[PDB]
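Student: this one is an experimental structure. Sequence first:
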Amino acid sequence: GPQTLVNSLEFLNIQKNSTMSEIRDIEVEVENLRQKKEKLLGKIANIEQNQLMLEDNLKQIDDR
Amino acid sequence: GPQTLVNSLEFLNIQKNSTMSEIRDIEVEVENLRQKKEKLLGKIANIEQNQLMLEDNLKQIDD
């Protein structure tokens, strides 16, 4: 009967909630990767800023 | 002195490049997860295209 099609709906619907939840898992990985990247850019920032407190000293001594 | 300073800048720079490398690595990983999410969002649509039809079919039946 037509209960078969209603059955297929609620199945598709189940599959959809499942697909959604996998999408949400993905959004989490992405966010957590996005932060790791931000930390890493902090490192660079500091490296560069440390480097320039050196390049300072070098070209100050480069005429002593 | 200038050697110490040159040795130091260079070392830091090794670190920099090697850090910019993990950054390129994350960026690839993130690209992949985006393409994965794009496909999954496609599939959400396929699911609903299908459901709509089944639902209309069930209405047609009501007549």
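Tutor: Perfect, thanks for sending it. Numbers count the residues shown, from 1 in each chain, chains lettered A, B, ... in the order given.
Student: for the residue nearest the centre of chain A, which non-adjacent residue is spatially closest?
Tutor: By CA atoms, centre = their mean, chain A has its centre lying nearest to residue A:34, at 2.3 Å. Nearest non-adjacent residue to residue A:34, counting by CB to CB, 6 or more residues apart in numbering or on different chains: residue B:30, 7.0 Å away. (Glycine included, C-beta is placed from N, CA and C.)
Student: state the helix or strand in which residue A:15 lies.
Tutor: Here residue A:15, judged by DSSP states H and E, is contained in helix A:3-61.
Student: distance from the chain centre to that helix, please.
Tutor: 1 Å (CA atoms, centre = their mean, to the nearest Å).
Student: hang on, the earlier thing: mind listing what the residue nearest to residue A:34 touches?
Tutor: A:30, A:33, A:34, A:37 (CB atoms under 8 Å, 6 or more residues apart in numbering or on different chains).
Student: can you rerun that using 10 Å?
Tutor: By CB atoms under 10 Å, 6 or more residues apart in numbering or on different chains, the contact set of residue B:30 is A:29, A:30, A:31, A:33, A:34, A:36, A:37.
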